[PDB]
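Below: one protein chain in two forms, given as structure tokens, structure 1 then structure 2.
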Structure 1
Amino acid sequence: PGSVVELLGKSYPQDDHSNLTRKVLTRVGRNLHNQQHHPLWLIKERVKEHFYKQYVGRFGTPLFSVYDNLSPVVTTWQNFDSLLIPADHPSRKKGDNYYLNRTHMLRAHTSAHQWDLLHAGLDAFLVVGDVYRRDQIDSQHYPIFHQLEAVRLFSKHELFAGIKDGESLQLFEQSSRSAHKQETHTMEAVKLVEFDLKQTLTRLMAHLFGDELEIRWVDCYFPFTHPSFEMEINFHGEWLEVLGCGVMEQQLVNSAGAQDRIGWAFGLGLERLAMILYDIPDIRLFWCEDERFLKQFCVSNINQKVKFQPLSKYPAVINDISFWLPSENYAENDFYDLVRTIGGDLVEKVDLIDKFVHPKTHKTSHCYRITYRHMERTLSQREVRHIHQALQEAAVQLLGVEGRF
């Protein structure tokens, strides 16, 4: 680690929270979602088209202003507080986030920009960006991914525009929160906003995958919406969630300066959708510069349905690695970072196969299985060996583990 961190021309005093690895710094600024012909970019464009064309189609729909080049550096106030996330909420753990320090971090979700954009008076906007999270390692997790956010506000008169005695209906009231609504909302209002959310997302999803796909709404919870849903798509026989969404917490919308609006919001994972839409097997492919992959996304128009042709799958080399955790100083995600650093994209997955306490010493023992498998070629036993030992050493030097091997 170190003393100061310097990012995009700015300086961050380091502290008890800071945990940014250099490997990750190097991805910042890369902006794949603004990269012409990259699948993430393509999805972004297609989503953008849907809203503009949905903005011409009907007098209802507003203009969504699009922000796809905001800096991923934000304050914990933006990323958490402004979205009502309690101080003790697990999503804040040092072990799950990349903190430049106590006050700044790499945003963990594009929702970190809602308050700012809404405070700026906006009513409908999209945000698209690289987000950052310390998580596990497998073909479906990567420390960096991309999200597309959408917020849409409604005025009273707009929401109830199409009815008889309309203006006698309201957005607000003071009842109690239930499973179906916030305390300061009318069920009349919540029902129409929720309908609008689902319909938009459904039309959109249907734009992207045609009238073929199986979706389902799932009731869930987020501190910044209520009610909230995850939308799942069935793919390869499994219900995968591809987005979060719901009716915006009114205190959020009020603290931004629009106490007269009711809104929905959603956040969708670009990679997660891309992998389903194009049958892309491993998240790592988004970052490889192999033409066998990238070329397949060069199309004349963003609607020219691409036919993703899987690359060959190469053989893996598997190596276990065990060791003793420092005396109460350790995070599983610490190790996964070290594996990202040393093994880079050579690593396909890391499983924590074994854990146990030694009676005599009270020390704890972790054993992990590392699957080395390169997306573009056969890995030689020799190269894996070297990498694996380097990992072994590094583990000891940096993580203060005792090489049990």
Structure 2
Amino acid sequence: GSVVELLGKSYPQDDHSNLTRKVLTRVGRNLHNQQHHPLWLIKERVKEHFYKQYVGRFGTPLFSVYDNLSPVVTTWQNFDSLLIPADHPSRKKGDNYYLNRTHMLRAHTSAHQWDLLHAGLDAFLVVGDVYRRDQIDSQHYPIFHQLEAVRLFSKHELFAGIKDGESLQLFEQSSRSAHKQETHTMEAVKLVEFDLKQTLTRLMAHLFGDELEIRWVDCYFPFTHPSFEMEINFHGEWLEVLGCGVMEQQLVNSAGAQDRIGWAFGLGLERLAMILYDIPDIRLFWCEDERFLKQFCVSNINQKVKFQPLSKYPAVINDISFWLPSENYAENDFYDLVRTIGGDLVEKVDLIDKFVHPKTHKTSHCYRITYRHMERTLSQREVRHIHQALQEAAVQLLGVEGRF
């Protein structure tokens, strides 16, 4: 192509330019907004915590969210503004999706970190979709989303609530130790790290509970100094969820906060929403079968769910109707006998009709049992025995008169 139009804009090409048809379809999909989409939950699920938990100044929260931003970011943005050196590994063409040499599809939300600073925000969140060209397996995929967050602080406030003897210039000419920026102070550092570590420890528990195995491991980031990587154990093996550290000053000073300090952090909604929901193969996140997108109904974000596998095989539906016996009979009783008699491979049951006979005045119910194996395709003959093993069981043990 001579050019490529993405969002009311067309971009030239070159040996950098490498966007595939496949990938491209996705862009603008903005999944972290399909409301009842796991990814979105984690957004308010996280948007909320911060709303309640923090509010600097009056009733205006300090963490102002941005959930709809242009993935198509310049280059200076995604790399340069974050002090990322030239020829740095992560600038490999076969890792990033470039439109042209100077414009690409943000590899990380950390790309906006600079603009927002410059602007005026001193505290914010950015939830979006990002791309990274790579494999496609259980835990990796062309496209995913990130929730990034950032907070700054005032020199007369970082400390403040301290034995008010202001002999604490939030930063000097020291030196970069594996523990602080050459232009930072231990007291200042140790604090925000606490806040950053703090805010995060707090935020996690809120989401997961307080029975989560979590630790910090030291790491590296071109745009943060003390860098830590929050990992979370579950299933027996420790998994990872985010990246964070204080903010690199140069980065800040360059922007519009020559006299401030702060921390940044961005997490992977797929990662979180995967443990928090027991969805194993990231890919599923792009499934459309009701059997999926719905498992995440709930009238409350903070509510919890536990992914039901979901077999991609022919289902074999049968119906069973019976007249109800007076006085004793509750729905959940019949839902268990089904799940008891030939259960384990039922997937779903629905009440498809409540008929109150006009003359006998006896009630009838019609349940729709959706048989469906997870490994093979089930035959009518294989099933029926099960269904039948419920017709002569539903009677005896439930006290119904079987319309069959």
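Residue numbering: sequential along structure 1, first residue numbered 1. Basically, rigid core = biggest C-alpha set you can superpose within 1.5 Å across the two forms.
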| query | Relative to the superposed core, which single residue of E289, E214, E328, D219 shows a CA shift of 2 Å or more between structure 1 and structure 2? | reply | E328
| Whole-degree rotation of one rigid part against the other between structure 1 and structure 2 | 170
| query | With both forms put on the same core, how far apart in Å are the CA positions of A390 between structure 1 and structure 2? | reply | 46.8
| note | The CA shift of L311 between structure 1 and structure 2, rigid core aligned, in angstrom, is 2.1
| query | With the two forms matched on the core, what distance in Å separates the two CA positions of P62 between structure 1 and structure 2? | reply | 5.6
